[PDB]
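What follows is a set of notes on a single structure, which appears directly below.
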Amino acid sequence: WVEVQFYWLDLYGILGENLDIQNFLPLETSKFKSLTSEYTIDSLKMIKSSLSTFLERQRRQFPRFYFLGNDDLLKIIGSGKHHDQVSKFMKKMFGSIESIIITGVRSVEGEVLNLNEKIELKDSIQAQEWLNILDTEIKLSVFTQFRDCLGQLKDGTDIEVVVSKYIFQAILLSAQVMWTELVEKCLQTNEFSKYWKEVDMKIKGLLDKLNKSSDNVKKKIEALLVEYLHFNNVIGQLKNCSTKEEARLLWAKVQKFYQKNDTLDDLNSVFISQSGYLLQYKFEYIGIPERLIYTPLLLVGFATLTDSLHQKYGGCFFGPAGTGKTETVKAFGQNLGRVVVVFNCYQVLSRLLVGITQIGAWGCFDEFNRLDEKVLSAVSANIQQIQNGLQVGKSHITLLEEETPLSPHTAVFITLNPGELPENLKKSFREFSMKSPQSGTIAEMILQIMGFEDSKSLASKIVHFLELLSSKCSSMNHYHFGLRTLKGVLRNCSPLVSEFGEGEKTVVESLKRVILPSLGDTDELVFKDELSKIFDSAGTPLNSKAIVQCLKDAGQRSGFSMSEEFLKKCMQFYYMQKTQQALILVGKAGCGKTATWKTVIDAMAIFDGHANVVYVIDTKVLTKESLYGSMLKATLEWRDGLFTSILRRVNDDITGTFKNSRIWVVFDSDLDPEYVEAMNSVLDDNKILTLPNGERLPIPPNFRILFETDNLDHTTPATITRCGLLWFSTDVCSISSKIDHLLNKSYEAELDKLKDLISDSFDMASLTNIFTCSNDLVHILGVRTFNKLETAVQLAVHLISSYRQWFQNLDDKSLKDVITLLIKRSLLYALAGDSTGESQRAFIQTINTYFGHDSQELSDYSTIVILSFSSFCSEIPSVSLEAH
Amino acid sequence: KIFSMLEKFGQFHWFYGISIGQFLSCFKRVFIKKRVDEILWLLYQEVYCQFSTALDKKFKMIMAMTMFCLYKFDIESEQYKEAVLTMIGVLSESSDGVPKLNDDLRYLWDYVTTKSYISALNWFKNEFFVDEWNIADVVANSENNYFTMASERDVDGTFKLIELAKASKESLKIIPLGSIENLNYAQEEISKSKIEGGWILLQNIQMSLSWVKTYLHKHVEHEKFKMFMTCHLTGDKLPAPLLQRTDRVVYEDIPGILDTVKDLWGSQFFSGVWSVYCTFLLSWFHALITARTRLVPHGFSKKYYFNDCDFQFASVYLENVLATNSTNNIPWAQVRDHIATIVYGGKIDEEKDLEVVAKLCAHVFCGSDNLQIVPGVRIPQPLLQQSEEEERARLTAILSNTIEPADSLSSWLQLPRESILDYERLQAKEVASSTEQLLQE
Ligand SMILES: Nc1ncnc2c1ncn2[C@@H]1O[C@H](COP(=O)(O)OP(=O)(O)OP(=O)(O)O)[C@@H](O)[C@H]1O
Ligand SMILES: Nc1ncnc2c1ncn2[C@@H]1O[C@H](COP(=O)(O)OP(=O)(O)O)[C@@H](O)[C@H]1O
């Protein structure tokens, strides 16, 4: 009833409200009217399947609406009057616009765009018309910002005032255009020093504007300084050319931007030249996205992509992972002022492919080798059909047995990681094999853009240090020393400069805070030795007495022991949760993980005075539907899962406590890729949660996520690198420390004299001997004695507590003998209790010979009866079993 | 014994699977063609002449030497048995010692002493297997109608089947695939030629192996009807029931270089004198790199596959360069870099191959006053008063008069002789080790 009513109202808002759209399917609309008058779910589903042709025509009206499924698109169509639910899901439309401000639009990362002129809105306007109007308006706004930026720059105005008003795209490509023009004017003569100095003072003034700017302005200015460093490097190389042949070759290799000065068109008026090859700029808004640091091999990849795409043939990359192929493709695409869709590896894939070839955008495939044979063959056939249609100049293509128009600018890109594509693809693709990218150049330019006074030498030192680490440390599964880790280190250097300053010390401290938690023990010693040998800074200890005092206070409050390894792990966790949001704690079973982060919670609750809320959740115990949600297909009903309910309750904040408290949601189970890929949107810097119903639940900055696991064989390197990975190489305690903590815990769960006698009776001298003797004993279901101390304590102290009723009527020697016998029995049934009878008697003999002959020798069948020391022979009851 | 050896060959590779009815039909052909020693000799000759063309060159030499060894082991004495065994051992450098002392055996020892390994391997075919079979002899003396013509890459049988169809005056139909329209056209052509006959060509069917599994198993005496399909020896595995119902033919890539230059320049039908000169140099370089491709141990380090696509893209690039230059100053450095690190080095994933390709590019695209492209002939630069037809005639005349030397794999590709002798010695070692594995088992 509810599902039928909801579907009827949705279809009424789609088709019944609007006129002159029922002509395509008159019988289907008549059936819908009949069922609406009668009011069913099966008929509604059959109609919505028969309305796909009408839905296909609707998607053909505005091809940019094709990127969604059926449900999201019908939600868009139904809300065609309130002008809502469309701006919210704008991220999936263009990839660089999050919402609509009609005054303008707002980017995903947080940049606002202003239209050239307003667009009138009415309640009788269908979505496609004003959507296309908005697309044309934002494009024309980019064009007019280009032309006024060119007018201002040719007038003589400085970049610092232009960059603060317009969009990054316009000023970027304007600077590219004027750089091309002035390098050409320098090439017509033999003068290059003056333009080099001019761009040098331009870079310096842009840095001086950068150091006192807000977040969006800082991101835009950095995204401009990467290309300005490119311009500086190119002009410096051209000045160093001995002959004009080398200068001409180097200028032909690098990109050049030209604008036609006679064409009346706007979108077809800017082209890109590289070694005589022309590519058409698209002029699509991108905001301030990530800009790759430019390297000569990046320019070679740009050149070969241009050479491939000139002849209507797509590009294709292959090589080892970590060399930067997908990011190279993305930088090339957004360099042309257009957004390249990204595929992560059949019906949905083919639908996205046909949408791409009917929109004219670019398609990029990542990690192409993880497909089954059938889907691989079908995808290869579809790409071959698209590429043959593009080569033949066909207006329309017979792809997926539908007649869809083909744009001449459609391109398909595929990346591979060999150690393969079929014959038909390699007959119509060009393969490129990039080498290891120069981490020296990337590091040097990112350090220069971050204002490091010693950039080239420090970059060379840090890449040499990373190479030594990769060539000297162990070959562990989670060890990644590629460019991702270096970029993460240099990104985490940003909050540390406010306390350590630019130079070697900040780099060393961030290198410690990122690398050192993820290493083992001998790897940690190798890292420390290499850091001491290569880097000059010895790492003087900063003033952190308050936090270590708070950790020690929390440890003595919870009864924990403050061993230096535990302090090291606590400091690593604290410094790693200062910046990183999603932490992973990895170690052996029962090695002190939950205790570690609970101690951190208590210690920094004391330190900050800030309230803490903990929601302990096991990953594997709850299923996927119960953890997040389950779209009940019977009536399209939504039941919130535990994590999603917690997020909704903390977003609502009815009580208001969560505005002044920290909330952690731990995941205390083995990591499952099926359980962590569902929250990959929370994982990165987006800090947003996706849902099956499509809700985008924000995550507050104090809402931290934790993971506890014992192994990392079944965890992908993608989540490892994005998370702050903490590794527990060994146990965080001594045996005496754990035995004392367990004694204190059960005490909390002549009493003082009894406690003193128990604590003194657990003398470590003979305890260590018997523990290392039992460690050599074969135990079934072999577990460490560090996991048997709990059983020993909880048995011994409970036996003494139960026998406490007869402790006021015996001598001190008898009490000592009783205590010793109970301790011996508890340690027998804890340490050697999981071993054979002969080994049990051997451990009895070892206990008797290691606690001294003065103590009461525990027999193999000894017991205490209500009190005297008896043997188990006398308690056997004779039984007289009956016949039947 | 012969069938056991052929079963071993069929076990070594998925394309050599030999049935038993084929062997019995070959034995029938032994008596059909026109005392026990004569029958045995005719058996060996006919079986080799039928089952050589279904193997590649290395297995051709292996089977020839093994058949000669078996015949001489059964017929001749123990001393010749030991002599043959020790020559095979010294071919693989496993048994050291002179054979016991025969004019032909002395010729073998002379060839082994002179380290002419390919001549020593071909001596068996020169001495015993007098008769040879080409593709025309196989297709003429075959009672079937479905043919598989597989080969390595860097070569195709399209022109060979064109020549065969011209020789037989039959209308052939080359049917490329890649689209569902191509599949439907091939299906219609098959359904037509199953009624009206005619020779039908299929090319590179390994990509359409799925269509093979869909259609050919369900599908498979008309006059002048022979269906041809072309596969790749390095491709995916074909079905065994499909393979056993058809005749198998392996084609060998040509060993020459000047023939490749002539074949490339005979298809570049035309941009004036400079475009033609650039296309001529590009055809020469494509031929030289394709010749260097097959020398996998020494010239290169991995068997790449440069088809005509990269040559076509380099031609387009040279056309675009020549269009944007009115000063008659060709940017030799720019085209050299673009060929070395994008065109003929884009697929390359190794540094050393890039360095040798760049060295060859500098040797070919130097653009000197008087270039010596090979030690044999030198191509002078064009003058400034010529049209396209005069340059075409001059280039064709300077192409025809060149002499291909016996050391073209060394002098033209600029490699030391020791590398080629080591490669030939390694091939001899592989052949001898394989035939020992055939012998002792
Ligand atoms: N100073 C200490 N630091 C850490 N753990 C301690 C300390 N003293 C005692 N312990 C022991 O640590 C236990 C807490 O569990 P612990 O953190 O060691 O396990 P865990 O590795 O989180 O376990 P799991 O692998 O089952 O998730 C306490 O029950 C106590 O016995
Ligand atoms: N010019 C560049 N600027 C910034 N990062 C780069 C550049 N070139 C390569 N990278 C690095 O390439 C790595 C990612 O590429 P890659 O691992 O090949 O993608 P995939 O895993 O999808 O194949 C990242 O470490 C990125 O830092």
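Ordered as shown in the structure tokens, chains take letters A, B, and onward, while each chain numbers its residues from 1 and ligands are numbered from 1 in the order shown.
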
Contact residues (chain B, partner chain A, 8 Å, only C-alpha atoms) as a ChimeraX atom specification = /B:178-179,206-207,309,320-321,324,331,333-334,342,346-349

Could you write out the selected residues, including N, CA, C and O atoms, as a compact mmCIF listing (two decimals), in the first residue's frame?
```
# COMPACT_ATOMS: atom_id res chain seq x y z
N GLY B 178 36.22 -7.24 -35.76
CA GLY B 178 36.37 -6.16 -34.80
C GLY B 178 35.05 -5.55 -34.39
O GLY B 178 34.96 -4.89 -33.35
N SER B 179 34.02 -5.76 -35.21
CA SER B 179 32.70 -5.22 -34.95
C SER B 179 31.66 -6.32 -35.14
O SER B 179 31.91 -7.33 -35.80
N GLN B 206 41.80 -15.00 -33.24
CA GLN B 206 42.03 -15.23 -31.81
C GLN B 206 41.27 -14.23 -30.95
O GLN B 206 40.80 -14.58 -29.86
N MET B 207 41.13 -12.98 -31.41
CA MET B 207 40.31 -12.02 -30.69
C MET B 207 38.83 -12.41 -30.72
O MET B 207 38.10 -12.19 -29.75
N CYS B 309 51.22 0.17 -37.79
CA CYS B 309 50.51 1.29 -37.19
C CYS B 309 51.46 2.40 -36.74
O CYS B 309 51.19 3.58 -36.97
N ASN B 320 53.06 16.28 -40.84
CA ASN B 320 52.72 17.49 -40.10
C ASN B 320 53.94 18.37 -39.86
O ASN B 320 53.82 19.60 -39.82
N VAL B 321 55.11 17.76 -39.68
CA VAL B 321 56.34 18.54 -39.54
C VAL B 321 56.68 19.23 -40.85
O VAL B 321 57.00 20.42 -40.89
N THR B 324 54.52 22.36 -41.74
CA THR B 324 54.85 23.58 -41.01
C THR B 324 56.35 23.89 -41.07
O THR B 324 56.99 24.12 -40.04
N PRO B 331 63.66 19.99 -39.09
CA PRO B 331 64.11 19.82 -37.70
C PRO B 331 64.50 18.38 -37.40
O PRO B 331 63.68 17.60 -36.91
N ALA B 333 66.54 17.10 -35.20
CA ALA B 333 66.53 16.75 -33.78
C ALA B 333 65.12 16.47 -33.28
O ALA B 333 64.91 15.53 -32.50
N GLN B 334 64.14 17.25 -33.74
CA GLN B 334 62.77 17.07 -33.27
C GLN B 334 62.20 15.74 -33.73
O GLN B 334 61.61 15.00 -32.92
N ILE B 342 58.87 8.46 -28.45
CA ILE B 342 57.41 8.38 -28.48
C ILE B 342 56.95 7.30 -29.46
O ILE B 342 56.15 6.43 -29.11
N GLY B 346 57.55 4.14 -27.43
CA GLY B 346 56.41 4.27 -26.54
C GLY B 346 56.03 2.96 -25.88
O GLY B 346 55.78 2.91 -24.67
N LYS B 347 55.98 1.87 -26.65
CA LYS B 347 55.68 0.57 -26.09
C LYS B 347 56.85 -0.02 -25.32
O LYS B 347 56.64 -0.91 -24.49
N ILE B 348 58.06 0.48 -25.55
CA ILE B 348 59.24 -0.06 -24.90
C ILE B 348 59.21 0.28 -23.41
O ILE B 348 58.98 1.43 -23.03
N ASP B 349 59.43 -0.73 -22.57
CA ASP B 349 59.47 -0.55 -21.12
C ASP B 349 60.86 -0.80 -20.54
O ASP B 349 60.98 -1.10 -19.35
```

inquiry  = Taking only C-alpha atoms and all ligand atoms into account, which residues have an atom no farther than 10 Å from ligand 2? I'd like them as a PyMOL selection string.
reply    = chain A and resi 226+290-299+317-329+331+342-344+365-368+415-417+434+436-439+441-443+445-446+481-488+717-718

key: Spatial neighbours of residue 815 of chain A, max dist 12 Å, only C-alpha atoms, sep filter under 3 positions, as a PyMOL selection string   = chain A and resi 753-754+757-758+800+803-804+806-812+818-822+855-856+867-869

Would you write out those residues with N, CA and C atoms, as an mmCIF file, in the first residue's frame?
```
data_model
loop_
_atom_site.group_PDB
_atom_site.id
_atom_site.type_symbol
_atom_site.label_atom_id
_atom_site.label_comp_id
_atom_site.auth_asym_id
_atom_site.auth_seq_id
_atom_site.Cartn_x
_atom_site.Cartn_y
_atom_site.Cartn_z
ATOM 1 N N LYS A 753 46.631 -6.617 54.614
ATOM 2 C CA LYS A 753 47.675 -7.612 54.830
ATOM 3 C C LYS A 753 47.590 -8.729 53.800
ATOM 4 N N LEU A 754 46.369 -9.154 53.458
ATOM 5 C CA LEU A 754 46.197 -10.178 52.432
ATOM 6 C C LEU A 754 46.679 -9.689 51.072
ATOM 7 N N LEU A 757 50.416 -9.654 51.101
ATOM 8 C CA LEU A 757 50.930 -11.016 51.025
ATOM 9 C C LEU A 757 50.825 -11.571 49.610
ATOM 10 N N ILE A 758 49.730 -11.268 48.912
ATOM 11 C CA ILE A 758 49.570 -11.734 47.537
ATOM 12 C C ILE A 758 50.583 -11.059 46.621
ATOM 13 N N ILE A 800 41.009 -17.439 46.888
ATOM 14 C CA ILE A 800 41.309 -16.831 48.182
ATOM 15 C C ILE A 800 40.103 -16.053 48.708
ATOM 16 N N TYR A 803 37.674 -18.545 50.087
ATOM 17 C CA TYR A 803 38.163 -19.140 51.325
ATOM 18 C C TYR A 803 38.406 -18.113 52.426
ATOM 19 N N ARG A 804 38.106 -16.836 52.173
ATOM 20 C CA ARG A 804 38.329 -15.785 53.164
ATOM 21 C C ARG A 804 37.507 -15.955 54.440
ATOM 22 N N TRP A 806 37.472 -18.283 56.525
ATOM 23 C CA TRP A 806 38.199 -19.022 57.547
ATOM 24 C C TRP A 806 39.632 -18.516 57.672
ATOM 25 N N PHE A 807 39.819 -17.204 57.555
ATOM 26 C CA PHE A 807 41.148 -16.610 57.611
ATOM 27 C C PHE A 807 41.455 -15.948 58.946
ATOM 28 N N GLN A 808 40.530 -15.986 59.901
ATOM 29 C CA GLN A 808 40.726 -15.363 61.201
ATOM 30 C C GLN A 808 41.028 -16.372 62.301
ATOM 31 N N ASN A 809 41.227 -17.642 61.955
ATOM 32 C CA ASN A 809 41.400 -18.688 62.956
ATOM 33 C C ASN A 809 42.509 -19.651 62.555
ATOM 34 N N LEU A 810 43.636 -19.123 62.084
ATOM 35 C CA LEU A 810 44.770 -19.971 61.743
ATOM 36 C C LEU A 810 46.057 -19.169 61.873
ATOM 37 N N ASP A 811 47.168 -19.894 61.980
ATOM 38 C CA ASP A 811 48.467 -19.276 62.187
ATOM 39 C C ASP A 811 48.971 -18.632 60.896
ATOM 40 N N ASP A 812 50.031 -17.831 61.038
ATOM 41 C CA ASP A 812 50.622 -17.166 59.881
ATOM 42 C C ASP A 812 51.262 -18.170 58.931
ATOM 43 N N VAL A 818 48.568 -22.033 52.810
ATOM 44 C CA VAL A 818 47.316 -22.052 52.057
ATOM 45 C C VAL A 818 47.417 -21.152 50.830
ATOM 46 N N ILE A 819 47.973 -19.951 51.010
ATOM 47 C CA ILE A 819 48.128 -19.014 49.900
ATOM 48 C C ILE A 819 49.058 -19.591 48.839
ATOM 49 N N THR A 820 50.176 -20.180 49.270
ATOM 50 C CA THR A 820 51.126 -20.759 48.328
ATOM 51 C C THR A 820 50.509 -21.928 47.569
ATOM 52 N N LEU A 821 49.739 -22.772 48.259
ATOM 53 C CA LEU A 821 49.097 -23.900 47.594
ATOM 54 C C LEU A 821 48.077 -23.431 46.566
ATOM 55 N N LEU A 822 47.278 -22.418 46.913
ATOM 56 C CA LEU A 822 46.298 -21.899 45.962
ATOM 57 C C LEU A 822 46.978 -21.268 44.754
ATOM 58 N N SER A 855 58.581 -24.269 51.104
ATOM 59 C CA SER A 855 57.176 -24.071 50.791
ATOM 60 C C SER A 855 56.448 -25.410 50.715
ATOM 61 N N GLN A 856 55.122 -25.347 50.839
ATOM 62 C CA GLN A 856 54.303 -26.552 50.801
ATOM 63 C C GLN A 856 54.276 -27.121 49.390
ATOM 64 N N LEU A 867 40.031 -25.834 58.311
ATOM 65 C CA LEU A 867 40.381 -26.374 57.004
ATOM 66 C C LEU A 867 41.707 -27.126 57.049
ATOM 67 N N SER A 868 41.842 -28.145 56.203
ATOM 68 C CA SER A 868 43.029 -28.987 56.191
ATOM 69 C C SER A 868 43.403 -29.327 54.756
ATOM 70 N N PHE A 869 44.663 -29.712 54.573
ATOM 71 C CA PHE A 869 45.174 -30.133 53.272
ATOM 72 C C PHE A 869 44.908 -31.624 53.100
#
```

Site check for ligand 1: residues at most 10 Å away, only C-alpha atoms and all ligand atoms, as a PyMOL selection string = chain A and resi 555-556+558-563+565-567+570+585-599+618+667-670+707-710+728+731-745+786-791+793

task = Excluding segment 345-356 of chain A and residues on its chain fewer than 6 positions from it, collect all residues at most 9 Å away from it, counting only C-alpha atoms, and give them as a PyMOL selection string.
result = chain A and resi 63-64+66-67+69+362-363+365-371+375+378-379+382-383+399-400+404+410-411

Picked from segment 376-474 of chain A by DSSP as alpha helix (DSSP H), as an mmCIF file with C-alpha atoms, in the first residue's frame:
```
data_model
loop_
_atom_site.group_PDB
_atom_site.id
_atom_site.type_symbol
_atom_site.label_atom_id
_atom_site.label_comp_id
_atom_site.auth_asym_id
_atom_site.auth_seq_id
_atom_site.Cartn_x
_atom_site.Cartn_y
_atom_site.Cartn_z
ATOM 1 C CA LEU A 376 36.491 -7.956 -20.379
ATOM 2 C CA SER A 377 35.492 -9.170 -23.848
ATOM 3 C CA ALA A 378 32.279 -7.122 -23.851
ATOM 4 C CA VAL A 379 34.049 -3.952 -22.672
ATOM 5 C CA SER A 380 36.822 -4.439 -25.244
ATOM 6 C CA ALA A 381 34.227 -4.913 -27.995
ATOM 7 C CA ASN A 382 32.372 -1.766 -26.911
ATOM 8 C CA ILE A 383 35.582 0.290 -26.842
ATOM 9 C CA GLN A 384 36.587 -1.093 -30.246
ATOM 10 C CA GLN A 385 33.182 -0.163 -31.687
ATOM 11 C CA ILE A 386 33.392 3.354 -30.221
ATOM 12 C CA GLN A 387 36.935 3.850 -31.505
ATOM 13 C CA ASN A 388 36.142 2.516 -34.987
ATOM 14 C CA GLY A 389 33.130 4.827 -35.153
ATOM 15 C CA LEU A 390 35.339 7.740 -34.106
ATOM 16 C CA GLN A 391 37.965 6.844 -36.720
ATOM 17 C CA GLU A 423 44.321 -8.018 -29.782
ATOM 18 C CA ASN A 424 41.519 -5.740 -30.996
ATOM 19 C CA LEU A 425 42.302 -3.049 -28.418
ATOM 20 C CA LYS A 426 46.040 -3.079 -29.148
ATOM 21 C CA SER A 439 60.619 12.331 -6.786
ATOM 22 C CA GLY A 440 63.464 14.835 -6.539
ATOM 23 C CA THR A 441 61.654 17.305 -8.791
ATOM 24 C CA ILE A 442 58.236 16.770 -7.172
ATOM 25 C CA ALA A 443 59.728 17.142 -3.696
ATOM 26 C CA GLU A 444 61.764 20.207 -4.692
ATOM 27 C CA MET A 445 58.786 22.001 -6.222
ATOM 28 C CA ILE A 446 56.388 21.167 -3.381
ATOM 29 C CA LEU A 447 59.013 22.359 -0.878
ATOM 30 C CA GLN A 448 59.493 25.578 -2.856
ATOM 31 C CA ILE A 449 55.722 26.087 -2.947
ATOM 32 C CA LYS A 456 66.714 21.236 -3.765
ATOM 33 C CA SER A 457 69.288 19.805 -1.348
ATOM 34 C CA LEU A 458 66.661 18.780 1.202
ATOM 35 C CA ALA A 459 64.536 17.181 -1.530
ATOM 36 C CA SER A 460 67.546 15.214 -2.784
ATOM 37 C CA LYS A 461 68.345 14.162 0.783
ATOM 38 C CA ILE A 462 64.774 13.063 1.524
ATOM 39 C CA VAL A 463 64.392 11.057 -1.689
ATOM 40 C CA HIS A 464 67.800 9.447 -1.082
ATOM 41 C CA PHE A 465 66.685 8.622 2.468
ATOM 42 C CA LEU A 466 63.458 7.050 1.191
ATOM 43 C CA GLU A 467 65.437 5.044 -1.374
ATOM 44 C CA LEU A 468 67.757 3.812 1.390
ATOM 45 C CA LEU A 469 64.744 2.867 3.517
ATOM 46 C CA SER A 470 63.191 0.932 0.631
ATOM 47 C CA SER A 471 66.509 -0.780 -0.151
ATOM 48 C CA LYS A 472 67.437 -1.609 3.461
#
```

request  = Mind giving me the straight-line distance from atom CA of residue 290 of chain B to atom CA of residue 314 of chain B in Å, one decimal?
outcome  = 14.7 Å

task = Point out the residue among B:200, B:84, B:36, B:276 with the least atom-to-atom distance to residue 72 of chain B, counting only C-alpha atoms.
result =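 With only C-alpha atoms as the atom set, the closest residue is B:84.
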
ask   = Between atom CA of residue 336 of chain A and atom CA of residue 262 of chain A, what is the spacing in Å?
value =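 Between these atoms lies a distance of 21.2 Å.
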
Shell of 12 Å around residue 675 of chain A, only C-alpha atoms, local chain residues under 5 positions omitted, as an mmCIF file with N, CA and C atoms, in the first residue's frame:
```cif
data_model
loop_
_atom_site.group_PDB
_atom_site.id
_atom_site.type_symbol
_atom_site.label_atom_id
_atom_site.label_comp_id
_atom_site.auth_asym_id
_atom_site.auth_seq_id
_atom_site.Cartn_x
_atom_site.Cartn_y
_atom_site.Cartn_z
ATOM 1 N N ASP A 618 32.051 -3.953 16.956
ATOM 2 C CA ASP A 618 32.817 -4.966 16.248
ATOM 3 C C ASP A 618 32.434 -4.955 14.774
ATOM 4 N N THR A 619 33.443 -5.000 13.903
ATOM 5 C CA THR A 619 33.189 -4.925 12.468
ATOM 6 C C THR A 619 32.448 -6.159 11.972
ATOM 7 N N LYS A 620 32.949 -7.344 12.308
ATOM 8 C CA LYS A 620 32.460 -8.571 11.699
ATOM 9 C C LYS A 620 31.215 -9.135 12.369
ATOM 10 N N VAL A 621 30.970 -8.801 13.639
ATOM 11 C CA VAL A 621 29.823 -9.355 14.357
ATOM 12 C C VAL A 621 28.519 -8.913 13.703
ATOM 13 N N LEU A 622 28.406 -7.625 13.400
ATOM 14 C CA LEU A 622 27.246 -7.096 12.698
ATOM 15 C C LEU A 622 27.435 -7.258 11.197
ATOM 16 N N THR A 623 26.349 -7.582 10.501
ATOM 17 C CA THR A 623 26.416 -7.735 9.058
ATOM 18 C C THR A 623 26.449 -6.368 8.378
ATOM 19 N N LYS A 624 26.627 -6.388 7.053
ATOM 20 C CA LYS A 624 26.712 -5.142 6.295
ATOM 21 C C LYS A 624 25.403 -4.367 6.346
ATOM 22 N N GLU A 625 24.272 -5.070 6.238
ATOM 23 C CA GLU A 625 22.976 -4.401 6.278
ATOM 24 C C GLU A 625 22.709 -3.787 7.647
ATOM 25 N N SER A 626 23.048 -4.500 8.718
ATOM 26 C CA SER A 626 22.819 -3.982 10.060
ATOM 27 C C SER A 626 23.819 -2.906 10.457
ATOM 28 N N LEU A 627 25.008 -2.893 9.854
ATOM 29 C CA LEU A 627 26.011 -1.901 10.229
ATOM 30 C C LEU A 627 25.670 -0.524 9.675
ATOM 31 N N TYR A 628 25.229 -0.458 8.420
ATOM 32 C CA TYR A 628 24.957 0.805 7.746
ATOM 33 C C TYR A 628 23.486 0.995 7.412
ATOM 34 N N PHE A 643 26.100 2.396 12.690
ATOM 35 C CA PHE A 643 26.980 3.527 12.406
ATOM 36 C C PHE A 643 26.200 4.704 11.838
ATOM 37 N N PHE A 667 36.358 0.019 15.648
ATOM 38 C CA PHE A 667 35.986 -1.137 14.832
ATOM 39 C C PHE A 667 36.921 -2.282 15.214
ATOM 40 N N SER A 669 37.706 -5.521 15.116
ATOM 41 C CA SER A 669 37.651 -6.812 14.441
ATOM 42 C C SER A 669 38.618 -6.784 13.266
ATOM 43 N N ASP A 670 38.814 -7.950 12.655
ATOM 44 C CA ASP A 670 39.652 -8.052 11.469
ATOM 45 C C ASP A 670 39.076 -7.211 10.338
ATOM 46 N N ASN A 680 34.688 4.358 2.138
ATOM 47 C CA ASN A 680 35.848 5.013 1.541
ATOM 48 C C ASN A 680 35.642 6.516 1.409
ATOM 49 N N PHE A 707 40.386 1.596 14.159
ATOM 50 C CA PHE A 707 40.379 0.202 13.742
ATOM 51 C C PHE A 707 41.395 -0.567 14.570
ATOM 52 N N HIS A 714 44.876 -9.183 4.435
ATOM 53 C CA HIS A 714 43.636 -8.971 3.691
ATOM 54 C C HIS A 714 43.185 -7.518 3.727
ATOM 55 N N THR A 715 44.126 -6.579 3.675
ATOM 56 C CA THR A 715 43.816 -5.156 3.633
ATOM 57 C C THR A 715 44.542 -4.529 2.453
ATOM 58 N N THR A 716 43.811 -3.754 1.654
ATOM 59 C CA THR A 716 44.383 -3.152 0.459
ATOM 60 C C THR A 716 45.356 -2.030 0.825
ATOM 61 N N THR A 719 43.719 1.776 1.488
ATOM 62 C CA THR A 719 43.262 2.200 2.807
ATOM 63 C C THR A 719 44.410 2.272 3.802
#
```

query = Near residue 666 of chain A, within 6 Å and counting only C-alpha atoms, which residues show up once chain neighbours fewer than 3 positions away are dropped, as a PyMOL selection string?
reply = chain A and resi 616-617+705-707

Generate the output file for the selected residues, C-alpha atoms, as a CSV table (one decimal), in the first residue's frame.
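Okay, this is what ended up in selection_2.csv:
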```csv
chain,number,residue,atom,x,y,z
A,616,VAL,CA,32.6,0.3,20.7
A,617,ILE,CA,31.5,-1.7,17.7
A,705,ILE,CA,37.3,6.5,13.5
A,706,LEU,CA,39.5,3.7,14.9
A,707,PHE,CA,40.4,0.2,13.7
```

key: Selection near residue 796 of chain A, 6 Å with only C-alpha atoms, sequence-local residues under 3 positions removed, as a ChimeraX atom specification   = /A:793,799,823,826

task = To one decimal in Å, tell me the separation between atom CA of residue 528 of chain A and atom CA of residue 553 of chain A.
result =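 Distance reported for this atom pair: 29.3 Å.
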
query = For residue 106 of chain B, which residue out of B:67, B:186, B:339, B:120 is the nearest one, using only C-alpha atoms?
reply =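 Checking each of B:67, B:186, B:339, B:120 against residue 106 of chain B, counting only C-alpha atoms, the winner is B:120.
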
request  = Have a look at A:105, A:255, A:115, A:847 and name the one nearest to residue 768 of chain A; count only C-alpha atoms.
outcome  =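 Comparing A:105, A:255, A:115, A:847 against residue 768 of chain A, the winner is A:847.
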
task = List every residue of segment 205-334 of chain B that DSSP, applied to the backbone of this structure, places in strand (DSSP E or B), and write the result as a PyMOL selection string.
result = chain B and resi 227-230+232+247-251
